[PDB]
Structures are given as structure tokens and as C-alpha cells.
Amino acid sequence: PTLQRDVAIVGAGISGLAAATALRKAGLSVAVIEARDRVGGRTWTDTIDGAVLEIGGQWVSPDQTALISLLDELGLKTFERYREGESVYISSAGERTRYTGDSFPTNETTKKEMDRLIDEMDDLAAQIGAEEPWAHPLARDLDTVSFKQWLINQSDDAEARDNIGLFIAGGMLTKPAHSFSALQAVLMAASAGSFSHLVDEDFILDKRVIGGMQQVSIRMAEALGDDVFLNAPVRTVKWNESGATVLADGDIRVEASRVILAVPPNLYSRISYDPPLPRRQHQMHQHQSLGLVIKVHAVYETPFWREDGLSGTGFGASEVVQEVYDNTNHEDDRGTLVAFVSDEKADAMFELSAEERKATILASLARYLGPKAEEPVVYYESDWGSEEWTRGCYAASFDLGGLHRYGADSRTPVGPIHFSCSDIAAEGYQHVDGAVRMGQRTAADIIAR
């Protein structure tokens, strides 16, 4: 088939779909062309051994106002993650302590260094912002020092440094702290409202969508009907000043005035551009890369930890599993845990056989929540790294030095080609809410021209 549209959109993730949605409301015609046999991208609900699981993005925080509006508009409701009872902290010394409230049960010294580092991150985020962090007079010095070396410059206390790392390195960028800059940590902080919001799992991990985060794409895509094309990898974009022809598998050909690349930036060069994108894009794209995390799911006949008075929340910067949370489905009576193995720790796990990796991860959950954690009825690991249409998780970020050198160019159109994904977002950077903001921002740009 061949069609004409105002706008061809590559990818039916949140970002592409929100763009299409905003475009249609303005009266422009669209086609959304999607490689996979489904919409949603890095959001996906699936059933593994008869257990429904959220394989990808899923949590909504209170400052993600673009996503919260969108849910409302689509008739979707939220429920909150269970947080009653005590959380578990594992120290660098291997000590394991139950606690509630806002800081980790370390000694008073470490507690104070932590508070200091968190205040300093909040202050830099408030000054620098998420819209154009590379623009600030502090930017260059913060972008040429790794986050690790920055923590070293700020504090002699390793346990406080590792804990701060826990929330940004392993908990957001999913990269080790020696490999992104301090400016990138600040961006991540600014993008979520403040560093303190990232520290508090009651904020950043506040809510889930009844029916699963994937319903958001599924419902946007449904409203578009036949303008969504699945099982259609885009291969080729031919373009000039006044438009673009988009070529996809199954002999799809869309002639359009503008194209949106709604794909994460490590995937831009899966498509041939004719003529080639300019030098700046050739270079900039090579410097963007996804992190890596193993999202572990474990289903038990009851949420057993609630009986021992535990929330299900656990943190330990020294553990293979650095975080665990109650992830029980809305009105499920079966208990589900979610846990995260980040970056180089994920590499090490992936080198063990499937069976050794499971036992190792499970032995780690047991250290937080006791030996019942080792006998789940269902066990699963989200594997985004293997997916040719994603290739990592949660999201992409520049190598060290990239943010200030290329940040100004990451949203800039090339002729009729626009770029829209959470990985280039300002507020909501790397998250579903960032994908919505960018899709709407892109739509809004195309519409006013």
C-alpha cells in the first residue's frame, strides 16, 4: 500500500502515539508505523506462566502531570503501591535493619553526609533545570567530571556515596556512576522535580495503572484504527525541504509533509536516510546508549511479607539486587515482588546460567525478606536487552561528556524530520511522562507551523 498523510510517525510507543493523538485533534492526518506485533514499546503487559506482569514501565509519580492528564482523558484510573509496615536496609557492612520513614538507618554521621549530598543535588537541580542543563554556567564543569568522581569530591563517606549512587546510577540511568557525568545526575534530579523526589520511593514509585501501563498505548492506538500499522519495521526515509517518503516492510510507503522518529536514539541509525542526516546527527547519535537493568518478578501465593509487618521495600547498594518492592496487582490475592539488578551487576548475572542466575537473585531477595522469597510459584526476568527494537532499559543517555556537547541538538529537527521520545525529554526524562510531554511538544511544533 501507498498513502498520503500530513505526518508519518515511526514507532507506536507512548511518545509516537501521544504525538498522533495530539495531531488528529488538530485535524492533521497521520500514519503510525510500528516494527513490533503490538503497540506500547517499553511498556508491555504480558502473562508469564499464567501470571499477569508488567514487563516494562509502570509507575506514576505525582509530578507526572502530562501522564496523569492523559490517563484521565482515556478513562484510566490508578492504585497505589502497598507501603505499610517496615522497609529493609542492608548496609555496606552486610548489616540488615528494619526501619520506616525518610532516611536509612545508618549511623548519624552517614545520615548527615547523605542529607548534605541530597541538599546539594536539590540545589543544583533547582538552579540548572531539565529544559537546557547544558546552558548553565556550571554545566561544563559538571559535565566533564563523572558522577562517581563528583561524589568523591563532595564526601569522604563511601556508604553515603554508594547510597546516593543507588538512586541515580542503578536506580535511574542504569549505568555505573563512573560512566556518566555529574551534569547527567543533575538532569535526572531536575527532570523529576528534585533529587529528593528520586530518593523517596513513595513519590517516584507512587502509583500504577489499573489494567496496566500498556493500556495507555493500546487505547490511543485503538482510537486511531487503521492508521496504525504493526509488523512494519521502517527501513528508509527519503526526504527534502518539503516532505518525506517513509518505507516499511510489507511494501508500505507513506508520503508525508513531516516525519516523527518516535524511537529511542540508539535506534535512529537502524533506518537509512536519503540523503544522509548531517554530520552533527551522525556524531551525536553514536554517543547515545541505553542502560541495562534486569527487572525481576516473583509471584507467591500470598504477599507473605505483609504477615511479618514488612512493606516489601528493600534497599542495599552492596547487594546484587539493589532494590525490591511490593508489586502486587490491584485486587490480586497472590503477592508479587519486583526487583532490580542494574548495569554491571546485570552483566555478571547474565553470564551465569539461567538457573544459577535465578538462585542468586532469589538468594538476594531472601536476604531482604526472608527464606520464603526463595520459593516463588512464578519467576520471570524482563529481557529488554535482547529485544532488537529496544536493546536495553530503562532509557538512553549520553556517554560522559555528551550532554553538554550535544544536548542543544537532541530535539532539533532535520528539515521535515522530528525526534520524539522520553530519552530526549526535559521534564519526565526517561519516563512515560517524558514520552507524553515530548510527543505533545512535537505535535504542538508541527501544528503551529
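All residue numbers are counted from 1 along the displayed sequence.
*Asks:* Select between 102 to 110 and 280 to 288 the stretch whose C-alpha atoms have the higher average B-factor in the entry.
*Replies:* Averaged over C-alpha atoms, the B-factors run higher in 102 to 110.
*Asks:* Look over 168 to 176 and 372 to 380 in the entry and identify the one with the greater average Cα temperature factor.
*Replies:* Averaged over C-alpha atoms, the B-factors run higher in 372 to 380.
*Asks:* Which listed residue, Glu344, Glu307, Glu159, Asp143, has the largest C-alpha temperature factor in the record?
*Replies:* So the option with the highest C-alpha B-factor is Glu307.
*Asks:* When you compare the CA B-factors of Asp274, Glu323, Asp119, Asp326 as listed in the entry, which one comes out on top?
*Replies:* Checking the PDB record, the top C-alpha B-factor among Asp274, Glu323, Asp119, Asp326 is at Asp119.
*Asks:* Taking the chain's C-alpha temperature factors as the reference, tell me which third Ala448 falls into: lowest, middle or highest.
*Replies:* Tercile = highest for this residue's CA B-factor.
*Asks:* Pull the Cα B-factor of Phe79 out of the PDB entry and bin it into the chain's lowest, middle or highest third.
*Replies:* For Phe79, whose C-alpha B-factor we compare with every modelled residue in the chain, the answer is the highest third.
*Asks:* Could you look up the Cα B-factor of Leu337 in the entry and say which third of the chain it sits in: lowest, middle or highest?
*Replies:* For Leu337, whose C-alpha B-factor we compare with every modelled residue in the chain, the answer is the lowest third.
*Asks:* Would you check the entry's CA temperature factor for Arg437 and let me know if it's in the chain's lowest, middle or highest third?
*Replies:* According to the entry, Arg437 has a C-alpha B-factor in the chain's lowest third.
*Asks:* Sort the modelled residues of this chain by their C-alpha B factor and say whether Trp134 lands in the lowest, middle or highest third.
*Replies:* Middle third by C-alpha B-factor.
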